[PDB]
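*Asks:* Just dropping in an experimental structure and the matching sequence.
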Amino acid sequence: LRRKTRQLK
Amino acid sequence: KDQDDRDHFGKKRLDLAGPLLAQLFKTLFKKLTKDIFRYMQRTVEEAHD
Amino acid sequence: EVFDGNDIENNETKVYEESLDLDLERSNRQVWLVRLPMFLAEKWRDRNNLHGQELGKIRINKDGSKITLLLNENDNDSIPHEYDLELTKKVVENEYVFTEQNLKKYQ
Amino acid sequence: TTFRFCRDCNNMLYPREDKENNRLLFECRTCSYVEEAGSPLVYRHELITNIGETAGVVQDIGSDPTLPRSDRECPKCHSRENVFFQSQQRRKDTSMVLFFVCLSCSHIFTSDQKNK
Amino acid sequence: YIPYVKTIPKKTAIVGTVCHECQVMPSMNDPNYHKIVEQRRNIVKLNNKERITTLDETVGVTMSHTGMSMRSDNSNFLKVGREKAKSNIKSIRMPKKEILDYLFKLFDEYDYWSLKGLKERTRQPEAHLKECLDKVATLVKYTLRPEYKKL
Ligand SMILES: [Zn+2]
Ligand SMILES: [Zn+2]
């Protein structure tokens, strides 16, 4: 799975 | 050509209150932006308002 | 527009309905590469313009060595009407112009 | 030394010896192109060099305000105005010989009276 | 050799060869000249950036929206807790003879049903469901026991 939270630059 | 003289005042710069505060403010603002994102991430994950 | 590579299976015959070889037919066409000033390049490169109107005329001395550009009276008397086209390189080599557009994807 | 460069790929040429004629040939280490040498000199090392004494001379050297003026006679046009400067070599072994540039013919002469 | 190169075909055509490189320079004797020079001077003269804006209102008024203020925030942005906390509904345990049959039909549809999906379909409290679920199914995801599955 994923971290369900990420930041796009 | 002769090696560049390190003491040449034309190669020196004086940082006044303006530039000194600029780098200080830039560092502090960067920290503020990081804190903002952490609160946003925490609210989404922990399901708060 | 991603596509296979070596294409040993001959998939381009049906995926694309046009020849993939660049058209080497219009290459025998003289072209002048001109760098324009900021004021002139700002109004000639706009895509909200260029409808095919006559922007001016080019005058070449019978003996050569001197070229000049004469714009029309459509500039609103705000910019010079005469320019001197300076040939920075009389002979230009190894420079070419090529076009680029997509291919038909069906059949 | 008159460094020579390749003609097909512009790479640096190198000297090679051919025994079929006992002559000198210049060959490329990458594209296999040959060229007959013009001179038998291939390496030159200069312990004491006078190259660069007049480095920096341009067509508008006289426009420099810092450069001093002099009243010496130019021995090619018989003029009195000129700008002079010392050698541009920074080694601590060069003499204080002056170099004069004439503002009328751009001729460079020297005040040396020992060797000239 | 390599069997894949992953090319990207495109339609191209050579539509001319460059013969002259030119630089257009306005004539210095042109009547409209000395206007471009003024335009060029205006390039460096222009100051697009503007000074920071100073608030001339009373300091006590500008600070009325900062810190612990009587005004309450009326924003709906990122109210994640509000979005899901609003949805809440209870249920009641139904008779065994009916829910028990429902579970067997549900298992027949799929052989591995999750708890969340099971509750959504049954729409009944987990308490009663747990009693029947253990008697019929086993957890490794719950699955029907081999006593009934092997039929
Ligand atoms: Zn070569
Ligand atoms: Zn002279």
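*Replies:* Here it is on my side, so go on. Residues are numbered from 1 along each chain as shown, chains lettered A, B, ... in the order given. Ligands and ions are numbered 1, 2, ... in the order given.
*Asks:* Can you give the contact residues for stretch E:76-85?
*Replies:* With C-beta atoms under 8 Å, 6 or more residues apart in numbering or on different chains as the contact definition, stretch E:76-85 has outside contacts at B:40, B:43-44, B:47-49. Heads up, the C-betas are built off the backbone N, CA and C, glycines and all.
*Asks:* Just the endpoints, please. Distance across it?
*Replies:* 14 Å (C-alpha to C-alpha, to the nearest Å).
*Asks:* What parts of chain D come near chain B?
*Replies:* With C-beta under 8 Å from any C-beta of the partner chain as the criterion, chain D meets chain B at residues residue D:90.
*Asks:* Find the residue at the geometric middle of chain D.
*Replies:* residue D:51 (5.3 Å; C-alpha atoms, centre = their mean).
*Asks:* where's it, which helix or strand?
*Replies:* Per DSSP states H and E: residue D:51 is located in neither a helix nor a strand.
*Asks:* circling back to that earlier point, can you tell me which of the contacts of stretch E:76-85 lies nearest to ligand 2?
*Replies:* Ligand 2 lies nearest to residue B:40 out of the contacts of stretch E:76-85, by C-beta to the ion, at 77.9 Å.
*Asks:* so what's the closest one up against?
*Replies:* Residue B:40 is in contact with residue E:78, counting by C-beta under 8 Å, 6+ apart.
*Asks:* Quickly find the element holding it.
*Replies:* helix B:17-46.
*Asks:* That helix: how far from the chain's middle?
*Replies:* How far helix B:17-46 lies from its chain's middle: 10 Å, per C-alpha atoms, centre = their mean, to the nearest Å.
*Asks:* What of stretch E:124-133?
*Replies:* Taking C-alpha atoms, centre = their mean, one finds stretch E:124-133 lying 36 Å from the centre of the chain it belongs to.
*Asks:* now do stretch E:33-43
*Replies:* Computed by C-alpha atoms, centre = their mean, the chain-centroid distance of stretch E:33-43 equals 50 Å.
*Asks:* can you tell me which strand in chain C is longest?
*Replies:* strand C:82-89 (DSSP state E).
*Asks:* what's it packed up against?
*Replies:* strand C:67-71, strand E:11-26 (3 or more C-beta pairs under 8 Å, 6 or more residues apart in numbering or on different chains; DSSP states H and E).
*Asks:* So what touches the helix or strand just after the longest one?
*Replies:* Downstream of strand E:11-26, the next assigned helix or strand under DSSP H and E is helix E:36-45. With C-beta under 8 Å, 6+ apart as the test, helix E:36-45 has contacts from C:37, C:39, C:79-80, E:26.
*Asks:* Now the phi/psi pair for the closest residue to residue C:54 other than its chain neighbours, please.
*Replies:* Sequence neighbours aside, residue C:72 is the residue nearest to residue C:54 in space, at 6.3 Å (criterion: C-beta to C-beta, 6 or more residues apart in numbering or on different chains). The phi and psi values for residue C:72, taken as degrees, to the nearest 10, are phi -80, psi -180.
*Asks:* What is the burial count for residue C:72?
*Replies:* For residue C:72, the neighbour count with other C-beta atoms under 10 Å in any protein chain shown is 11.
*Asks:* Now for residue E:119: which residues touch it?
*Replies:* Residue E:119 makes contacts with E:126, E:129, as judged by C-beta under 8 Å, 6+ apart.
*Asks:* any idea which helix or strand comes after the helix or strand hosting it?
*Replies:* Assigned by DSSP H and E, residue E:119 falls within helix E:115-122. Remark: after helix E:115-122, the chain's next helix or strand is helix E:126-136, criterion DSSP H and E.
*Asks:* Other residues contacting that next one?
*Replies:* Outside helix E:126-136, the residues touching it (C-beta under 8 Å, 6+ apart) are E:93-94, E:96, E:99-100, E:103-104, E:115, E:118-119, E:122, E:142, E:144-145, E:148.
*Asks:* what do you get for stretch D:87-106?
*Replies:* Here stretch D:87-106 has contacts from B:1-2, D:49, D:52-57, D:59, D:61-62, D:70, D:72, D:74, D:76-77, D:79, D:81-86, D:107-112, using C-beta under 8 Å, 6+ apart.
*Asks:* Sitting in strands, which of those residues do you find?
*Replies:* D:70, D:82-86, D:108-110.
*Asks:* residue boundaries of the helices in chain C?
*Replies:* Listed in chain order, the helices of chain C (DSSP state H) span residues C:12-15, C:38-44.
*Asks:* Looking at chain D, which residue is nearest chain A?
*Replies:* Residue nearest to chain A within chain D (C-beta to the nearest C-beta): residue D:10, separated by 42.0 Å.
*Asks:* State the three-state secondary structure for that residue.
*Replies:* Here residue D:10 is coil, with the state taken from DSSP: H, G, I helix; E, B strand; the rest coil.
*Asks:* how close does the residue lying farthest from the centre of chain E get to residue E:133?
*Replies:* Distance from the C-alpha centroid of chain E peaks at residue E:29, with 62.0 Å (C-alpha atoms, centre = their mean). From residue E:29 across to residue E:133, the span is 98 Å (C-beta to C-beta, to the nearest Å).
*Asks:* Check chain E and tell me which residue is nearest its centre.
*Replies:* In chain E, the C-alpha nearest the mean C-alpha coordinate belongs to residue E:78, at 11.7 Å (C-alpha atoms, centre = their mean).
*Asks:* Report the secondary structure state of that one.
*Replies:* Criterion first, three-state DSSP; result for residue E:78: coil.
*Asks:* which ones are touching residue 8?
*Replies:* Unless you meant another one, I'm taking chain A. Residue A:8 touches nothing, counting by C-beta under 8 Å, 6+ apart.
*Asks:* hmm, I had chain D in mind actually
*Replies:* Residue D:8 is in contact with D:28, D:31, D:33, counting by C-beta under 8 Å, 6+ apart.
*Asks:* I'd say the last one and residue D:25 touch.
*Replies:* Okay, so that is residue D:33. No. If you go by C-beta atoms under 8 Å, residue D:33 and residue D:25 don't touch, sitting 10.5 Å apart.
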